[PDB]
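Below you'll find the structure, written out as structure tokens, and then a few comments.
Every number for a ligand or one of its atoms is a count from 1 in the order of the listing. Proteins come first, then strands; the chains are lettered A, B, ... in the order of their sequence lines, and each starts at number 1. As a basis for the values below, the full set of heavy atoms in this structure was taken, side chains included, without hydrogen atoms, waters or symmetry mates.
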Amino acid sequence: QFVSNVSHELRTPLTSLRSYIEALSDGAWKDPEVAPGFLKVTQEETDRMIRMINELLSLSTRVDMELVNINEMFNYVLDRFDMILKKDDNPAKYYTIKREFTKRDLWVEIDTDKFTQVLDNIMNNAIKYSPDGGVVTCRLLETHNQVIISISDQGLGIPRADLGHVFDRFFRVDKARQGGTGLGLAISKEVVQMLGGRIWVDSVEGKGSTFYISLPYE
Amino acid sequence: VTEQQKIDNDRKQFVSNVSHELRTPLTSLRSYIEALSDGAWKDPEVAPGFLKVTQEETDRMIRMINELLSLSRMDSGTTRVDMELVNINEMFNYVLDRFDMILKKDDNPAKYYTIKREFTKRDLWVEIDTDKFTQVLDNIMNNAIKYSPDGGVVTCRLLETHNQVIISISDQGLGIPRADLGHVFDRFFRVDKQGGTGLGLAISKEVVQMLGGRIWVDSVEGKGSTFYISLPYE
Ligand SMILES: Nc1ncnc2c1ncn2[C@@H]1O[C@H](COP(=O)(O)OP(N)(=O)O)[C@@H](O)[C@H]1O
Ligand SMILES: Nc1ncnc2c1ncn2[C@@H]1O[C@H](COP(=O)(O)OP(N)(=O)O)[C@@H](O)[C@H]1O
């Protein structure tokens, strides 16, 4: 349903917007080296949220495939999550984003808005389900004519019995450790399949998780 | 026929409203961010003032999102309701204690108010979900204070009948038009035209209904209002 999806999907961009506005208010507005770049991101997130409301309201049409540089696009996503982490209430370096991208530029046909939603949910999960903190490792590679993204955490894991169930709508693992609706990964799977790709997960209950996304390369 | 239709119409309206209400702050943000990007950011007389407004608009949307999410969770049957036997007197008194304590600090207070308590003497043990019900009392108490005249008295009652536990919360503010006594519990209904979503009482009505109870309001314009909560007793 519309309300539930739009509400769920606005949360990461609102957090990201809040985070950059906070950095600006805290003094970055005085720094000519960074203020314009920060303002540019808030302008982009605000416009993205406005498109998102409309898109999701209309579905109750466009899957807009563009040839995109995944390297840059993934990098832009992770830049926001670093900003969320720095303006976080946690101690500095309580969470780390380590990037492991191949050096060649990878061009892939995607819907930029919808796929950002996918990366947002997985990064946000990777953080939300590491309460004790940790490194989030983000990999970008091409092999066997697939472009593959994997996102690993050192968080709470996922029971083996539930590895399949986690992409189902409303499914939330019911053990100790919060969350919300159980929609993020179902929305994500829907987008990834729509784009001709695949998503899957490996996990160890005490160690952490790795989510994988595969997209057709050429 | 009409039954399914009324439902579908309410849903269609609610969706339309959600889209308009999320859109309006974002549109306001866009306008302040664009002024900032066009150069106001270099200007110390306005950049801080402008940033502050974007921060407030952003907070309002995050509250709206959280509120819309609870409404969804309940609409889904997904919402966890944990009925436990608790002392309503001590729970209500603690709620009022948080509000008295707010006033105890010189802000300066914008407005002074008094919280008058009239509780029954016997202890009322009743099964409820404390986390959710405290939220309900908060929403009514915040309204009661917000719409009180300077120096107004907020009167809080806990009384039981043979069949019911009744809580009432009265203010001496401008009250509510008779045409609207029902509508104030509607999603996004605000009689007025700053922050405030118009979802609080909609959440409250839904929560009180999950708990097996009833909530309603009496008001005489210019007199003030009295909100009631009824809970099944024993
Ligand atoms: N990175 C992760 N580590 C451990 N558990 C995770 C995880 N990412 C997702 N999960 C689990 O999968 C369930 C469903 O995820 P999701 O669709 O994104 O739900 P959500 N967080 O939007 O409420 C979550 O409730 C959580 O139990
Ligand atoms: N105690 C009260 N006195 C006068 N009007 C009241 C009132 N409590 C609620 N109302 C009216 O009902 C409307 C909706 O209440 P509510 O759902 O709590 O709004 P809110 N606080 O989330 O923005 C308010 O805007 C107000 O017009």
Side-chain angles (χ1 to χ4, degrees), chain A residues 4-5 7-9 11-12 117-118 120-131 134 136 151-159 162-190 201-211, chain B residues 21 60 63-64 67 69 73 78 136 138-149 152 154 169-177 180-205 217-219 221-227:
Chain A
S4 172
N5 290 344
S7 290
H8 183 287
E9 293 300 304
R11 184 150 35 162
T12 288
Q117 301 193 7
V118 168
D120 281 351
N121 294 274
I122 287 164
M123 288 301 308
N124 180 80
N125 280 336
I127 292 161
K128 169 167 42 167
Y129 292 102
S130 296
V136 182
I151 298 176
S152 291
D153 63 72
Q154 311 174 316
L156 296 176
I158 300 156
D162 297 328
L163 293 182
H165 298 153
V166 290
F167 298 102
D168 302 342
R169 297 172 180 201
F170 291 118
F171 184 86
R172 312 168 59 198
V173 172
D174 287 318
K175 201 179 286 199
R177 317 129 93 192
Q178 43 154 131
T181 57
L183 298 166
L185 285 172
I187 288 165
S188 297
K189 182 178 190 193
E190 214 182 21
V201 55
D202 210 344
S203 176
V204 174
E205 251 191 311
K207 166 62 67 63
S209 300
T210 299
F211 285 80
Chain B
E21 292 300 318
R60 186 167 175 274
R63 290 189 296 267
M64 193 179 314
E67 284 163 353
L69 195 72
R73 281 179 24 242
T78 295
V136 172
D138 283 350
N139 167 226
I140 298 160
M141 287 299 308
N142 277 318
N143 282 334
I145 289 166
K146 167 169 192 285
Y147 293 105
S148 295
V154 179
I169 299 177
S170 292
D171 62 73
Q172 307 169 313
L174 291 179
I176 304 156
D180 297 325
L181 295 179
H183 296 151
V184 288
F185 297 103
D186 297 341
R187 303 168 178 205
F188 293 124
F189 186 90
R190 314 167 58 194
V191 170
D192 293 317
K193 278 133 286 79
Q194 41 91 59
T197 55
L199 301 164
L201 281 174
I203 283 163
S204 294
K205 183 178 195 58
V217 50
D218 305 334
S219 176
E221 259 193 317
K223 157 249 191 196
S225 297
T226 302
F227 284 78

**Study point:** Atoms in ligand 1 with a heavy atom of A:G180 nearer than 4.0 Å
**Key:** 23 (O)
Practice item. Would you mind listing which atoms of ligand 1 come within a distance below 4.0 Å of any non-hydrogen atom of A:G179? Key: 23 (O)
Quick one: which ligand 2 atoms are inside 4.0 Å of a heavy atom on [X]?
X      : result
B:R190 : 25 (O)
B:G200 : 17 (O), 22 (O)
B:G196 : 23 (O)
B:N139 : 18 (O)

Got the closest protein heavy atom to [atom], with its distance?
atom                    : answer
atom 21 (N) of ligand 1 : A:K128 NZ, 2.8 Å
atom 22 (O) of ligand 1 : A:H8 NE2, 2.9 Å
atom 1 (N) of ligand 2  : B:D171 OD2, 3.0 Å
atom 2 (C) of ligand 1  : A:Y129 CB, 3.7 Å
atom 13 (C) of ligand 2 : B:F189 O, 3.5 Å
atom 17 (O) of ligand 2 : B:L201 N, 2.8 Å

Review point. According to the interplanar angle, ranging from 0 to 90°, do the rings of B:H183 and B:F189 count as parallel (below 30°), tilted (30 to 60°) or perpendicular (above 60°)?
Key: tilted
Review point. Can you find an N or O of B:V191 that's nearer than 3.5 Å to an N or O of ligand 2?
Key: yes
Quick check against the 3.5 Å criterion: does [X] have a side-chain atom that pairs as donor or acceptor with the backbone of [Y]?
X      : Y      : value
B:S219 : B:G224 : yes
B:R60  : B:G196 : yes
B:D171 : B:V154 : no
A:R172 : A:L183 : no
A:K128 : A:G179 : yes
B:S148 : B:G173 : no

Exercise for review: Say whether B:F185 and ligand 2 are in contact under the criterion: heavy-atom distance to a ligand atom below 4.0 Å.
Suggested key: no
Exercise for review: Determine whether any heavy atom of B:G198 lies closer than 4.0 Å to an atom of ligand 2.
Suggested key: yes
Study note, to complete from the structure: Rounded to the nearest 0.5 Å, the CG atom of A:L185 sits from the CD1 atom of A:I122 at a distance of 6.5 Å
**Study point:** From CA spacing to verdict: side-chain contact (heavy atoms from CB on, under 4.5 Å), A:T181, B:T78
**Key:** CA-CA 8 Å; A:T181 57; B:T78 295; over 6 Å; no
Exercise for review: Test B:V217 against B:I176 for side-chain contact (heavy atoms from CB on, under 4.5 Å), laying out the working first.
Suggested key: CA-CA 9 Å; B:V217 50; B:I176 304 156; 4.0 Å; yes
**Study point:** Stepwise side-chain contact (heavy atoms from CB on, under 4.5 Å) test for B:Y147 and B:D192
**Key:** CA-CA 11 Å; B:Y147 293 105; B:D192 293 317; 3.8 Å; yes
Practice item. Please indicate whether any nitrogen or oxygen in A:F211 is less than 3.5 Å from any nitrogen or oxygen in ligand 1. Key: no
Exercise for review: Determine whether more than 12 heavy atoms belonging to other residues, nucleotides or ligands lie under 6.0 Å from atom NZ of A:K189.
Suggested key: no
Check your understanding: Taking the minimum heavy-atom distance to atom 9 (C) of ligand 2, which of B:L199, B:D180, B:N143 ranks first?
Key -> B:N143
Exercise for review: Determine, considering heavy atoms only, which of B:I176, B:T197, B:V184 sits nearest to atom 5 (N) of ligand 2.
Suggested key: B:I176
Review point. Would you say A:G155 contacts ligand 1, with heavy atoms under 4.0 Å as the rule?
Key: no
